[PDB]
file structure33.tsv (TSV, C-alpha atoms and all ligand atoms)
chain	number	residue	atom	x	y	z
A	1	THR	CA	85.10	75.58	95.90
A	2	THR	CA	87.77	78.27	95.82
A	3	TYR	CA	88.87	77.26	99.32
A	4	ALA	CA	89.32	73.65	98.20
A	5	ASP	CA	91.35	74.84	95.21
A	6	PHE	CA	93.57	76.88	97.52
A	7	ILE	CA	94.10	74.01	99.99
A	8	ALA	CA	95.03	71.71	97.09
A	9	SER	CA	97.47	74.26	95.66
A	10	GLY	CA	101.20	74.48	96.22
A	11	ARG	CA	100.95	77.92	97.87
A	12	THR	CA	99.47	77.21	101.34
A	13	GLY	CA	102.75	77.04	103.29
A	14	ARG	CA	105.10	79.88	104.14
A	15	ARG	CA	105.83	81.94	101.05
A	16	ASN	CA	109.30	83.04	99.96
A	17	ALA	CA	110.08	86.47	98.59
A	18	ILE	CA	111.16	87.39	95.09
B	1	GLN	CA	94.56	118.04	122.22
B	2	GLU	CA	97.57	117.14	120.07
B	3	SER	CA	96.77	116.87	116.37
B	4	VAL	CA	97.66	113.88	114.22
B	5	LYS	CA	99.98	116.20	112.28
B	6	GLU	CA	101.77	117.22	115.49
B	7	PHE	CA	102.01	113.60	116.66
B	8	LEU	CA	103.63	112.58	113.37
B	9	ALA	CA	106.01	115.54	113.33
B	10	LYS	CA	107.25	114.51	116.78
B	11	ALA	CA	107.60	110.93	115.54
B	12	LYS	CA	109.65	112.16	112.59
B	13	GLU	CA	112.02	114.21	114.74
B	14	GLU	CA	112.55	111.17	116.98
B	15	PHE	CA	113.11	108.87	114.00
B	16	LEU	CA	115.46	111.23	112.18
B	17	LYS	CA	117.81	111.49	115.16
B	18	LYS	CA	118.29	107.71	115.14
B	19	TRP	CA	118.24	107.50	111.32
B	20	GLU	CA	121.19	109.91	111.09
B	21	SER	CA	123.18	108.40	114.02
B	22	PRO	CA	122.38	104.67	114.09
B	23	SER	CA	123.30	102.50	117.04
B	24	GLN	CA	125.98	99.88	116.44
B	25	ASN	CA	127.64	97.01	118.29
B	26	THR	CA	125.46	97.05	121.39
B	27	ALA	CA	125.96	93.41	122.46
B	28	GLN	CA	127.97	90.32	121.57
B	29	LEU	CA	127.15	86.69	120.94
B	30	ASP	CA	128.27	85.28	124.28
B	31	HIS	CA	125.84	87.60	126.07
B	32	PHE	CA	123.07	85.13	125.16
B	33	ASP	CA	122.21	81.46	125.49
B	34	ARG	CA	120.68	80.14	122.28
B	35	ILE	CA	117.58	78.02	122.95
B	36	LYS	CA	115.56	77.12	119.85
B	37	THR	CA	114.93	78.18	116.26
B	38	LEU	CA	111.68	80.15	115.92
B	39	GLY	CA	111.73	80.59	112.14
B	40	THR	CA	113.99	80.45	109.13
B	41	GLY	CA	114.65	82.43	105.98
B	42	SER	CA	116.89	82.93	102.98
B	43	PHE	CA	119.91	84.22	104.90
B	44	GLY	CA	119.70	82.44	108.25
B	45	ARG	CA	117.33	81.92	111.15
B	46	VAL	CA	115.64	83.63	114.07
B	47	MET	CA	116.39	81.97	117.40
B	48	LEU	CA	114.87	82.24	120.83
B	49	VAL	CA	117.75	83.28	123.09
B	50	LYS	CA	118.12	84.11	126.78
B	51	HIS	CA	120.12	87.14	127.88
B	52	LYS	CA	122.47	85.85	130.57
B	53	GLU	CA	122.58	88.93	132.81
B	54	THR	CA	118.85	89.74	132.88
B	55	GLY	CA	117.32	86.36	132.07
B	56	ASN	CA	115.13	88.12	129.50
B	57	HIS	CA	114.15	86.14	126.41
B	58	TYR	CA	114.71	87.72	122.99
B	59	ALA	CA	114.46	86.76	119.32
B	60	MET	CA	117.87	86.83	117.63
B	61	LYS	CA	117.87	87.13	113.83
B	62	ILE	CA	121.09	85.75	112.32
B	63	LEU	CA	122.17	86.56	108.76
B	64	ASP	CA	125.12	84.91	107.03
B	65	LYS	CA	127.13	87.77	105.54
B	66	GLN	CA	128.44	85.72	102.61
B	67	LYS	CA	124.94	84.57	101.64
B	68	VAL	CA	123.64	88.16	101.81
B	69	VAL	CA	126.38	89.25	99.41
B	70	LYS	CA	125.76	86.30	97.07
B	71	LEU	CA	122.01	86.97	96.81
B	72	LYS	CA	122.78	90.70	96.22
B	73	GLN	CA	120.91	91.82	99.34
B	74	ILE	CA	123.63	93.99	100.93
B	75	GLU	CA	121.86	97.34	100.60
B	76	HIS	CA	118.51	95.84	101.59
B	77	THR	CA	120.10	94.41	104.74
B	78	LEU	CA	121.69	97.75	105.59
B	79	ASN	CA	118.24	99.31	105.05
B	80	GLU	CA	116.63	96.72	107.33
B	81	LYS	CA	118.94	97.36	110.27
B	82	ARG	CA	119.15	101.15	109.86
B	83	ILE	CA	115.37	101.45	109.75
B	84	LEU	CA	114.56	98.91	112.45
B	85	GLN	CA	116.90	100.56	114.95
B	86	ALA	CA	115.24	103.94	114.31
B	87	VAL	CA	111.49	103.23	114.39
B	88	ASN	CA	109.23	103.27	117.44
B	89	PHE	CA	105.53	102.39	117.22
B	90	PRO	CA	103.19	100.13	119.24
B	91	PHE	CA	102.84	97.57	116.42
B	92	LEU	CA	106.49	97.46	115.25
B	93	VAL	CA	108.84	94.93	116.82
B	94	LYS	CA	111.43	96.55	119.10
B	95	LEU	CA	115.10	96.06	118.30
B	96	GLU	CA	117.09	95.63	121.52
B	97	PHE	CA	120.64	94.97	120.28
B	98	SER	CA	122.61	94.50	117.09
B	99	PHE	CA	126.16	93.39	116.37
B	100	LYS	CA	128.24	91.43	113.88
B	101	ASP	CA	131.15	89.01	113.93
B	102	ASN	CA	133.46	87.44	111.35
B	103	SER	CA	130.62	85.44	109.78
B	104	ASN	CA	127.19	86.80	110.72
B	105	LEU	CA	125.00	89.82	111.35
B	106	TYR	CA	122.78	89.76	114.43
B	107	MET	CA	119.60	91.69	115.26
B	108	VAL	CA	118.22	90.91	118.71
B	109	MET	CA	114.52	91.82	118.98
B	110	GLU	CA	111.86	91.64	121.64
B	111	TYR	CA	110.54	88.06	121.62
B	112	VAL	CA	106.96	88.03	120.34
B	113	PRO	CA	105.61	84.77	121.82
B	114	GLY	CA	102.22	84.26	120.18
B	115	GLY	CA	103.54	83.01	116.83
B	116	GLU	CA	102.96	84.14	113.27
B	117	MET	CA	99.56	85.35	112.18
B	118	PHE	CA	100.19	82.88	109.34
B	119	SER	CA	100.00	79.89	111.70
B	120	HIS	CA	96.74	80.96	113.36
B	121	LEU	CA	95.11	81.99	110.09
B	122	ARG	CA	95.87	78.70	108.33
B	123	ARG	CA	94.73	76.69	111.37
B	124	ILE	CA	91.40	78.46	111.94
B	125	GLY	CA	90.73	78.80	108.21
B	126	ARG	CA	89.64	82.43	108.18
B	127	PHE	CA	89.08	85.25	110.63
B	128	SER	CA	85.69	86.85	111.17
B	129	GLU	CA	85.38	90.37	109.80
B	130	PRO	CA	85.63	91.97	113.30
B	131	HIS	CA	88.74	89.85	113.90
B	132	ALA	CA	90.34	90.78	110.56
B	133	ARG	CA	89.35	94.41	111.14
B	134	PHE	CA	91.14	94.54	114.51
B	135	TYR	CA	94.38	93.39	112.87
B	136	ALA	CA	93.87	95.56	109.78
B	137	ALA	CA	93.45	98.70	111.88
B	138	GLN	CA	96.87	98.13	113.44
B	139	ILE	CA	98.40	97.78	109.98
B	140	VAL	CA	96.66	100.96	108.81
B	141	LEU	CA	98.09	102.94	111.74
B	142	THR	CA	101.52	101.36	111.29
B	143	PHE	CA	101.63	102.31	107.60
B	144	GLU	CA	100.41	105.81	108.45
B	145	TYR	CA	103.40	106.03	110.79
B	146	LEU	CA	105.93	104.46	108.40
B	147	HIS	CA	104.85	106.44	105.34
B	148	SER	CA	105.02	109.73	107.26
B	149	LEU	CA	108.70	108.89	107.83
B	150	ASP	CA	109.11	108.37	104.04
B	151	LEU	CA	109.43	104.61	104.67
B	152	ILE	CA	107.92	102.01	102.36
B	153	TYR	CA	107.53	98.57	103.92
B	154	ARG	CA	107.09	96.20	100.92
B	155	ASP	CA	106.78	92.83	102.65
B	156	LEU	CA	103.36	92.68	104.26
B	157	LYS	CA	102.09	89.12	104.72
B	158	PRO	CA	100.88	86.93	107.61
B	159	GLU	CA	104.35	85.28	107.75
B	160	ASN	CA	105.86	88.63	108.87
B	161	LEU	CA	103.11	89.51	111.37
B	162	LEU	CA	103.49	88.18	114.90
B	163	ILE	CA	100.87	87.98	117.67
B	164	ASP	CA	101.97	89.25	121.08
B	165	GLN	CA	100.81	88.21	124.55
B	166	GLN	CA	97.96	90.78	124.39
B	167	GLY	CA	96.73	89.44	121.04
B	168	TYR	CA	98.01	92.51	119.18
B	169	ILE	CA	100.15	92.58	116.02
B	170	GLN	CA	103.90	93.08	115.91
B	171	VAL	CA	105.27	93.78	112.44
B	172	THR	CA	108.64	92.10	111.84
B	173	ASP	CA	111.02	91.75	108.85
B	174	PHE	CA	112.14	95.12	107.52
B	175	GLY	CA	114.22	93.33	104.88
B	176	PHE	CA	112.57	95.24	102.02
B	177	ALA	CA	111.84	98.45	103.92
B	178	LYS	CA	113.35	101.54	102.36
B	179	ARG	CA	113.40	105.28	103.06
B	180	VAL	CA	112.45	106.95	99.81
B	181	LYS	CA	110.93	110.30	98.93
B	182	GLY	CA	110.49	109.59	95.22
B	183	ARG	CA	109.52	106.45	93.40
B	184	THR	CA	111.57	103.26	93.56
B	185	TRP	CA	111.97	100.31	91.21
B	186	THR	CA	113.13	97.13	92.93
B	187	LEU	CA	111.29	93.96	92.02
B	188	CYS	CA	110.87	92.54	95.52
B	189	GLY	CA	108.17	91.14	97.74
B	190	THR	CA	106.01	88.06	97.79
B	191	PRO	CA	104.14	87.10	94.58
B	192	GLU	CA	100.64	87.06	96.10
B	193	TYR	CA	101.18	90.53	97.57
B	194	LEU	CA	102.79	92.41	94.65
B	195	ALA	CA	100.96	95.45	93.34
B	196	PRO	CA	100.50	95.56	89.54
B	197	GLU	CA	102.92	98.46	89.15
B	198	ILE	CA	105.71	96.37	90.71
B	199	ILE	CA	105.02	93.53	88.26
B	200	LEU	CA	104.89	95.90	85.29
B	201	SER	CA	108.36	97.29	86.11
B	202	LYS	CA	107.02	100.77	86.62
B	203	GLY	CA	108.31	103.13	89.21
B	204	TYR	CA	106.19	102.72	92.30
B	205	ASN	CA	105.67	104.36	95.66
B	206	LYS	CA	103.99	103.79	99.01
B	207	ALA	CA	100.73	102.91	97.23
B	208	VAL	CA	102.08	99.35	96.91
B	209	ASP	CA	101.79	99.03	100.70
B	210	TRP	CA	98.09	99.92	100.53
B	211	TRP	CA	97.58	97.36	97.75
B	212	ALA	CA	99.27	94.76	99.96
B	213	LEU	CA	96.94	95.72	102.81
B	214	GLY	CA	94.09	94.88	100.44
B	215	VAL	CA	95.62	91.45	99.82
B	216	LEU	CA	96.12	90.89	103.55
B	217	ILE	CA	92.57	91.86	104.51
B	218	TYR	CA	91.20	89.60	101.79
B	219	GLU	CA	93.37	86.68	102.89
B	220	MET	CA	92.45	87.19	106.54
B	221	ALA	CA	88.71	87.33	105.81
B	222	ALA	CA	88.58	84.66	103.09
B	223	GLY	CA	91.25	82.23	104.26
B	224	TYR	CA	93.02	82.42	100.88
B	225	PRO	CA	94.51	85.35	98.95
B	226	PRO	CA	92.69	87.08	96.08
B	227	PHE	CA	95.24	85.92	93.46
B	228	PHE	CA	96.79	82.47	93.78
B	229	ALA	CA	98.09	79.77	91.45
B	230	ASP	CA	100.81	77.14	91.53
B	231	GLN	CA	103.00	79.15	89.12
B	232	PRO	CA	103.98	82.71	90.12
B	233	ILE	CA	103.62	83.86	86.50
B	234	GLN	CA	99.96	82.85	86.71
B	235	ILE	CA	99.64	84.86	89.92
B	236	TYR	CA	101.10	87.90	88.14
B	237	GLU	CA	98.64	87.55	85.25
B	238	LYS	CA	95.73	87.56	87.68
B	239	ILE	CA	97.08	90.59	89.57
B	240	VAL	CA	97.41	92.77	86.47
B	241	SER	CA	94.05	91.62	85.03
B	242	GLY	CA	91.98	93.91	87.24
B	243	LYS	CA	89.60	91.10	88.25
B	244	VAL	CA	88.88	90.06	91.84
B	245	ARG	CA	86.23	87.59	92.98
B	246	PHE	CA	84.85	87.80	96.51
B	247	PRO	CA	83.43	85.10	98.79
B	248	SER	CA	79.68	85.31	99.23
B	249	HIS	CA	80.21	85.78	102.96
B	250	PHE	CA	82.11	89.09	102.50
B	251	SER	CA	80.07	92.07	103.66
B	252	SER	CA	79.24	94.79	101.16
B	253	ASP	CA	81.45	97.21	103.12
B	254	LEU	CA	84.38	94.78	102.98
B	255	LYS	CA	83.99	94.35	99.22
B	256	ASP	CA	83.86	98.11	98.70
B	257	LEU	CA	87.00	98.69	100.76
B	258	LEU	CA	88.81	95.92	98.89
B	259	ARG	CA	87.83	97.21	95.44
B	260	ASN	CA	89.48	100.50	96.42
B	261	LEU	CA	92.63	98.96	97.88
B	262	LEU	CA	92.99	96.30	95.15
B	263	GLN	CA	92.63	99.07	92.60
B	264	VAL	CA	95.01	98.42	89.72
B	265	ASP	CA	95.19	102.12	88.84
B	266	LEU	CA	97.44	103.37	91.65
B	267	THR	CA	96.06	106.88	90.98
B	268	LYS	CA	92.55	105.80	92.11
B	269	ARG	CA	93.74	103.54	94.95
B	270	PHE	CA	92.71	104.33	98.51
B	271	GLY	CA	95.63	105.59	100.55
B	272	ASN	CA	96.99	107.34	97.44
B	273	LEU	CA	94.33	110.05	97.02
B	274	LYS	CA	94.24	113.63	98.28
B	275	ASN	CA	92.97	112.55	101.72
B	276	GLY	CA	95.68	109.88	101.99
B	277	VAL	CA	95.19	107.35	104.77
B	278	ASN	CA	92.01	109.04	105.95
B	279	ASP	CA	90.06	107.60	103.01
B	280	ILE	CA	90.86	104.20	104.54
B	281	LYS	CA	90.32	105.17	108.19
B	282	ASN	CA	86.97	106.78	107.35
B	283	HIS	CA	85.73	103.91	105.16
B	284	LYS	CA	82.45	102.29	106.25
B	285	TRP	CA	84.16	98.93	106.88
B	286	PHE	CA	86.10	100.64	109.70
B	287	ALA	CA	83.10	102.56	111.08
B	288	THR	CA	83.20	100.61	114.37
B	289	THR	CA	86.96	101.06	114.78
B	290	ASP	CA	88.09	103.35	117.61
B	291	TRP	CA	91.44	104.33	116.11
B	292	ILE	CA	92.78	105.99	119.27
B	293	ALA	CA	91.74	102.97	121.35
B	294	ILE	CA	93.59	100.63	118.96
B	295	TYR	CA	96.72	102.79	119.19
B	296	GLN	CA	96.46	102.82	122.98
B	297	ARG	CA	95.98	99.02	122.93
B	298	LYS	CA	92.80	99.35	125.01
B	299	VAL	CA	90.61	97.19	122.74
B	300	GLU	CA	90.05	93.60	123.85
B	301	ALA	CA	91.72	91.28	121.34
B	302	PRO	CA	89.81	88.55	119.45
B	303	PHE	CA	92.05	85.98	121.08
B	304	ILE	CA	95.06	85.74	123.37
B	305	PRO	CA	97.69	83.13	122.42
B	306	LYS	CA	98.23	80.32	124.89
B	307	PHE	CA	101.36	80.61	127.03
B	308	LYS	CA	102.85	78.07	129.44
B	309	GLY	CA	105.61	80.25	130.89
B	310	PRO	CA	108.59	82.32	129.78
B	311	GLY	CA	110.50	80.88	126.86
B	312	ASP	CA	107.45	78.89	125.74
B	313	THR	CA	107.57	78.31	121.96
B	314	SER	CA	104.45	76.20	121.42
B	315	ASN	CA	102.97	78.85	119.10
B	316	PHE	CA	105.89	78.26	116.69
B	317	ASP	CA	106.69	75.34	114.41
B	318	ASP	CA	109.80	73.28	115.08
B	319	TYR	CA	112.80	73.66	112.79
B	320	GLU	CA	115.95	71.61	112.27
B	321	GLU	CA	118.68	73.14	114.41
B	322	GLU	CA	122.16	74.02	113.16
B	323	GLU	CA	125.10	75.09	115.30
B	324	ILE	CA	126.51	78.55	114.65
B	325	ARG	CA	130.04	78.53	113.28
B	326	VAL	CA	132.01	81.76	113.38
B	327	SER	CA	134.93	81.80	110.96
B	328	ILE	CA	138.43	82.77	112.12
B	329	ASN	CA	138.57	85.15	109.14
B	330	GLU	CA	136.40	88.25	108.82
B	331	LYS	CA	134.02	87.89	105.88
B	332	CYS	CA	132.67	90.81	103.83
B	333	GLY	CA	133.90	93.36	106.34
B	334	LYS	CA	133.86	96.39	104.03
B	335	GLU	CA	130.36	95.64	102.69
B	336	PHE	CA	128.83	95.75	106.19
B	337	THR	CA	130.99	98.48	107.78
B	338	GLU	CA	127.99	100.55	108.83
B	339	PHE	CA	126.04	97.63	110.35
A	401	MG	MG	110.16	87.34	106.86
call {"tool": "encode", "arguments": {"input": "structure33.tsv", "output": "structure tokens", "more": "lines below"}}
Ligand SMILES: [Mg+2]
result
Amino acid sequence: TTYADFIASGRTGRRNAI
Amino acid sequence: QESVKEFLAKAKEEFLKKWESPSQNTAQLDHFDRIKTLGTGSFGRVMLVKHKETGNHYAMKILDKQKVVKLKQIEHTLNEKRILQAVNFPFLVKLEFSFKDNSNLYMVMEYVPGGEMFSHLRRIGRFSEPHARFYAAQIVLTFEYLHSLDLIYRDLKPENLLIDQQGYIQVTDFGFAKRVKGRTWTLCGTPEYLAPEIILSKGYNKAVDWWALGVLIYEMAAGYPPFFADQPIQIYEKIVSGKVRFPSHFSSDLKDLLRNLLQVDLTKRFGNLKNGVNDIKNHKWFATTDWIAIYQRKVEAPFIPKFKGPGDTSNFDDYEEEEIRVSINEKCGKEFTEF
């Protein structure tokens, strides 16, 4: 599922700016 | 009654007076007891502090001047303070004091005790559409206000949205906010939230804020953003592709709103058409929204954060603490003269 792919990704914590 | 145009003209007159004559040096460090770190960032931390005379709690943002200079964020930081001290809106965090010393810049804000929207959103998974809509409406009104002042915000995300004791939103972090009447060019923001025209190194305008609202609404309602990947370059490829997939649970009205906010052609994007923000406010997904009641904060919130007293920080993560050191030599004094 897309949700499972998100939760397994490296982008679920607080996100820094560019 | 007063028209929206008249309301916004009065807001602009109020803002311009403070924009042209900013407040400076309205407190000092030993006016406060520092209690706990509430959050961290590139240039320092935000601490819960207690004002000694009043006993009021505040949130004190601390920026290391030398680090700001090194990361080439001087003008952005001057923007942040000049704008934050001049705005006034029910969903914008209130600056109470600002000052600087040999080492640091300080912005002391009203303490927003319910934590980041980020924390609640990740924990619960996703918000219901009525719940997301309640928050989105506050952002829509806030951007209507900011854009009428020629301000672009440029850092919308759940990490910069705080929940207050009433369950309403407080927008924080004006680090990328800028007063601009033309287009601007700075590559800044958070990868998941960047509009295509930022990525493509075009000039861009306030339409990037409406794109970011699309990303936020999607993330609130889905539990994940519309474009994500472990590598930012892969995020950027998805953003410019013009392809968005929607969860099956999204209503048809939500999908239609999002197609018009996550519109890669900024000239067809809602918020950027002849009717401006009213194309968003009048969209079917917002048909149940009482915009005046939201502004007046009369709507019952989807949830109230738990609170165990003043100075309670249980809605915030814990961070490693670090004592403030103030150098005996003034650092970067000329760069921050107007702070
Ligand atoms: Mg921030």
call {"tool": "residues_around", "arguments": {"input": "structure33.tsv", "residues": "residue 318 in chain B", "least_positions_apart": "4", "cutoff": "9 Å", "atoms": "only C-alpha atoms", "output": "list in words"}}
result
residues 36, 37, 38, 39, 313 and 314 of chain B
call {"tool": "residues_near_ligand", "arguments": {"input": "structure33.tsv", "ligand": "ligand MG 401 (chain A)", "cutoff": "12 Å", "atoms": "only C-alpha atoms and all ligand atoms", "output": "ChimeraX atom specification"}}
result
/A:14-18 /B:38-46,61,80,116,118,153-162,171-177,189-190
call {"tool": "atom_distance", "arguments": {"input": "structure33.tsv", "atom1": "CA of residue 310 in chain B", "atom2": "CA of residue 130 in chain B"}}
result
29.9 Å
call {"tool": "closest_atom_pairs", "arguments": {"input": "structure33.tsv", "of": "chain A", "to": "range 230-253 of chain B", "cutoff": "10 Å", "atoms": "all atoms listed in the file", "output": "JSON lines"}}
result
{"residue": "A:2", "atom": "CA", "partner": "B:247", "partner_atom": "CA", "distance": 8.6}
{"residue": "A:3", "atom": "CA", "partner": "B:247", "partner_atom": "CA", "distance": 9.6}
{"residue": "A:6", "atom": "CA", "partner": "B:230", "partner_atom": "CA", "distance": 9.4}
{"residue": "A:8", "atom": "CA", "partner": "B:230", "partner_atom": "CA", "distance": 9.7}
{"residue": "A:9", "atom": "CA", "partner": "B:230", "partner_atom": "CA", "distance": 6.0}
{"residue": "A:10", "atom": "CA", "partner": "B:230", "partner_atom": "CA", "distance": 5.4}
{"residue": "A:11", "atom": "CA", "partner": "B:230", "partner_atom": "CA", "distance": 6.4}
{"residue": "A:12", "atom": "CA", "partner": "B:230", "partner_atom": "CA", "distance": 9.9}
{"residue": "A:18", "atom": "CA", "partner": "B:232", "partner_atom": "CA", "distance": 9.9}
call {"tool": "closest_residue", "arguments": {"input": "structure33.tsv", "among": "B:29, B:283, B:223, B:322", "to": "residue 4 in chain A", "atoms": "only C-alpha atoms"}}
result
B:223
call {"tool": "axis_aligned_box", "arguments": {"input": "structure33.tsv", "around": "range 4-12 of chain A", "padding_each_side": "4 Å", "output": "JSON"}}
result
{"center_x": 95.3, "center_y": 74.8, "center_z": 98.3, "size_x": 19.9, "size_y": 14.2, "size_z": 14.1}
call {"tool": "closest_residue", "arguments": {"input": "structure33.tsv", "among": "B:181, B:104, B:99, B:217", "to": "residue 258 in chain B", "atoms": "only C-alpha atoms"}}
result
B:217
call {"tool": "closest_residue", "arguments": {"input": "structure33.tsv", "among": "B:213, B:92, B:208, B:71", "to": "chain A", "atoms": "only C-alpha atoms"}}
result
B:71
